[PDB]
Structures are given as structure tokens and as C-alpha cells.
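**Q** Let me begin by handing over the structure; questions about it come next.
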Amino acid sequence: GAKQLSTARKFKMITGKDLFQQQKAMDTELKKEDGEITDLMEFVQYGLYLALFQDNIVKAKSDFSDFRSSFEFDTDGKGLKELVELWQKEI
Amino acid sequence: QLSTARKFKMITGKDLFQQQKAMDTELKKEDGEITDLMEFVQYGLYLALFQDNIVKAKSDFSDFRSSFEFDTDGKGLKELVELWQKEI
Amino acid sequence: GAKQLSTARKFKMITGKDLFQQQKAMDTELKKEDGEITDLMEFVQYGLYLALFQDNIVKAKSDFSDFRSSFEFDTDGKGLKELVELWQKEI
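Chains as they are written, first to last, in full-length UniProt numbering: chain A, 1 to 91; chain B, 4 to 91; chain C, 1 to 91.
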């Protein structure tokens, strides 16, 4: 009954990009020339973290956008592996 | 703050994650340029983890790129790579 | 500086059993006979959960104690896999 937003939906709301397209991206960023996997990985890492753990999307958007200029972030000690595997319980 | 892999790109102008895929595909090799690759990572990673002044890191790394001489306070690649991996 | 009890220490204070010897137990119980792998896995699961998340040893001890008579427990959605990984990040 928990009628709610999916964690993919929040990710898009927050970051403006589709979560399901991202791992495909991270893959094709890894086979590359002058790729930027670093920025893609941290993008997905922080967006996901926010989609999973920040209930306030309004703030989460603003906070993400900050990181887009500063490139600084924190995810409570949660890496991608860990965050992604959390998100996968919904799939 | 800035992730250590951000610092690595800032210091070395190359993407840390790419650079180990590079190391694998040089291990199989023809004229394995694996030594330059290993030490490029080893030193950049070391600076990225332990030198908080980027202005100095860049130029220390830069010097290394012309001289191939470097130091990482006895810390080999493997140690450094393992430290970095904690944040992953 | 973070002068604290390790989670393996907490695990012993809580369950009376040595965390390290426990996964060796889980291997060898797995091969079996009348292998009591289920109770072993839940012992570690809940024990590790309490070690990583309950600060109050007195209350963890007794929460676990009740688990030993009822086998009822909760680790907040966290399976063993997930719980052991968390702990492995402190080795």
C-alpha cells in the first residue's frame, strides 16, 4: 500500500537523467578515448544516494546542483556498489 | 570534499578508472609500456591520497613526467590502490 | 583517535561466540549431516546486526538473548551478505 515514488523516479527528478540509461553509459564510457567515467560514476553515485536517502526532493535537487559546480559530495560512506545493490531490491 | 579520483584527474590529466583498464590491456601487450603506466598511476594515486596542495602535486607530477624520478614514501601501487578502493 | 570497541569484540560480548570462528562454522556446517546451518546463519546475521548497529551492549545482549529462545528477530532489511560486507570494511 505504500503508494510512493520509485527511487529511479526521484533520481530523474533530482539529476535530470534516467537511472536506467546510466549504467549503460558507465559501460560505454569505460570503452572510450578521452572518457570521463570519473564524473559519470560520481554523478550516478550521488544522485542515487540522494534518491535513496533524501526524502526532500526539493532540497535534494538543490544539493545535487551544488555538487555539479563544486564536484564535492558526501554519501554517508556509501559507495556505488552498495547503493546500487540497495536500489536493485526494487527490481 | 573532492574524491581522490577527482584529485587524480586534476593532478595527472588522466582518468584513474580508465587507467587500470589501460594497465590490464598493457599486461597482455606487444611492447608492454606497462612500467610507465604502473608508475604514472602509482605516483598520481599517491599524490592524490597524500598531497592536499594541488598546485604542488601537479608540478611534482609534472616533474616526474619529464624525469621519471619519483617517490611515494615506500608505498607501492598495490597498497595505494587498496587504500583508494576503501572509498568505492 | 576513534578509540572504540571493534564490532568483532561487540559480537562476542553480545552472543558469547567468536565472530571469526563463526564463519568457519558456517562453511563446515554447510557440508553437514544434520547440519544446523539455518540457526547458525541467523545467529551470525542478528549478532552482527546488533554489533554494527546497537550501541547499548546491555540491550543488545538481551535482545539477542530473546532471539535465542524465540528465534524471532529483525535486522532492518539487512541480509547476512550485506552485514558481513559492512563489517569487512573494518579489516
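Cβ coordinates follow ideal geometry from the N, Cα and C atoms, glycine included.
Below 8 angstroms on C-beta distance, what does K24 (chain B) contact in chain A?
**A** Your numbering for residue 24 (chain B) matches position 21 in the second sequence. In chain order: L30.
**Q** Straight-line CA distance for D55 (chain C) to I91 (chain C)?
**A** Counting from one through the third sequence, the residue named residue 55 (chain C) turns up at place 55. Counting from one through the third sequence, the residue named residue 91 (chain C) turns up at place 91. The straight-line gap from Cα to Cα measures roughly 20 angstroms.
**Q** Helix, strand or coil: how does DSSP classify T75 (chain A) here?
**A** Position 75 of the first sequence, counted from the start, is the residue given in the question as residue 75 (chain A). Correct three-state label for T75 (chain A): coil.
**Q** Ignore the nearest five residues each way along the sequence and tell me which others in residue 109 (chain A)'s own chain have a CB closer than 7 angstroms to its CB.
**A** Given a span of 1 to 91 for chain A in the structure shown, any question on residue 109 (chain A) remains unanswerable.
**Q** Looking at C-alpha atoms only, which residue of C:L48, C:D76, C:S62 is the closest neighbour of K10 (chain C)?
**A** Here the question's residue 10 (chain C) lines up with position 10 in the third sequence. Ranking C:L48, C:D76, C:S62 by Cα distance to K10 (chain C) puts C:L48 first.
**Q** Quick check: the region 16-29 of chain B against the region 23-41 of chain A, are at least 3 beta-carbon pairs closer than 8 angstroms?
**A** These segments touch.
**Q** Counting contacts by CB-CB distance shorter than 8 angstroms, is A8 (chain B) in contact with chain D?
**A** Within the model displayed, chain D is absent; protein chains A, B and C are what it includes.
**Q** Taking 8 angstroms as the CB-CB limit, is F20 (chain B) close to chain A?
**A** The residue given as residue 20 (chain B) occupies position 17 in the second sequence. Yes, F20 (chain B) counts as interfacial toward chain A.
**Q** How big is the Cα-Cα spacing for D76 (chain B) and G1 (chain C)?
**A** Your numbering for residue 76 (chain B) matches position 73 in the second sequence. Your numbering for residue 1 (chain C) matches position 1 in the third sequence. Distance between the alpha carbons of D76 (chain B) and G1 (chain C): 23 angstroms.
**Q** Just to confirm the assignment, what range does the alpha helix (DSSP H) spanning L5 (chain B) have?
**A** Here residue 5 (chain B) refers to the residue found at position 2 when the second sequence is read from its first residue. Here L5 (chain B) belongs to no alpha helix (DSSP H), and DSSP marks it neither H nor E.
**Q** Is it buried or exposed, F43 (chain A), if we count other Cβ atoms within 10 angstroms and call 16 or more buried?
**A** Numbered from 1 along the first sequence, position 43 holds the residue referred to as residue 43 (chain A). It is buried - the Cβ of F43 (chain A) has at least 16 other Cβ atoms within 10 Å.
**Q** Considering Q88 (chain B), what are the terminal residues of the alpha helix (DSSP H) in which it resides?
**A** Within the second sequence, residue 88 (chain B) is the residue found at index 85, counting from 1. It spans 80-89 - the alpha helix (DSSP H) in which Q88 (chain B) sits, taken as one unbroken run.
**Q** Just checking: is the beta-carbon of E36 (chain A) within a distance shorter than 8 angstroms of some beta-carbon in chain B?
**A** Looking up residue 36 (chain A) in the first sequence gives position 36. Yes, because at least one Cβ of chain B sits closer than 8 angstroms to the Cβ of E36 (chain A).
**Q** What residue from C:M13, C:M41, C:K12, C:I14 has the CA that sits closest to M26 (chain C)'s CA?
**A** Within the third sequence, the letter at position 26 stands for residue 26 (chain C). The option with the nearest alpha carbon to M26 (chain C) is C:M41.
**Q** Look up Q45 (chain C) in the DSSP assignment and say whether it is helix, strand or coil.
**A** In the third sequence, the residue the question calls residue 45 (chain C) occupies position 45. Here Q45 (chain C) sits in helix by DSSP.
**Q** According to the Cβ coordinates, are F71 (chain B) and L50 (chain B) closer than 8 angstroms?
**A** For the purposes of this step, residue 71 (chain B) is taken as residue 68 along the second sequence, with counting starting at 1. For the purposes of this step, residue 50 (chain B) is taken as residue 47 along the second sequence, with counting starting at 1. No. Outside cutoff.
**Q** Near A8 (chain B), what residues of its chain come up, given a Cβ to Cβ distance below 6 angstroms and the 5 sequence neighbours on each side ignored?
**A** In the second sequence, residue 8 (chain B) corresponds to position 5, counting from 1. Closer than 6 angstroms at the Cβ level, and outside the excluded window around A8 (chain B), lie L19.
**Q** Buried or exposed: which applies to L83 (chain A), given that a residue is buried once 16 or more other Cβ atoms fall within 10 Å of its Cβ?
**A** Translated into positions along the first sequence, residue 83 (chain A) becomes position 83. Its Cβ being crowded by 16 or more others within 10 Å, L83 (chain A) is buried.
**Q** Report yes or no: is there a C-beta of chain B within less than 8 angstroms of the C-beta of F67 (chain A)?
**A** Locating residue 67 (chain A) in the first sequence gives position 67, counting from the first residue. Not one chain B Cβ lies under 8 angstroms of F67 (chain A).
**Q** At what residues does the alpha helix (DSSP H) containing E29 (chain B) begin and finish?
**A** For the purposes of this step, residue 29 (chain B) is taken as the residue at position 26 of the second sequence. From DSSP, the alpha helix (DSSP H) with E29 (chain B) extends over 19-31.
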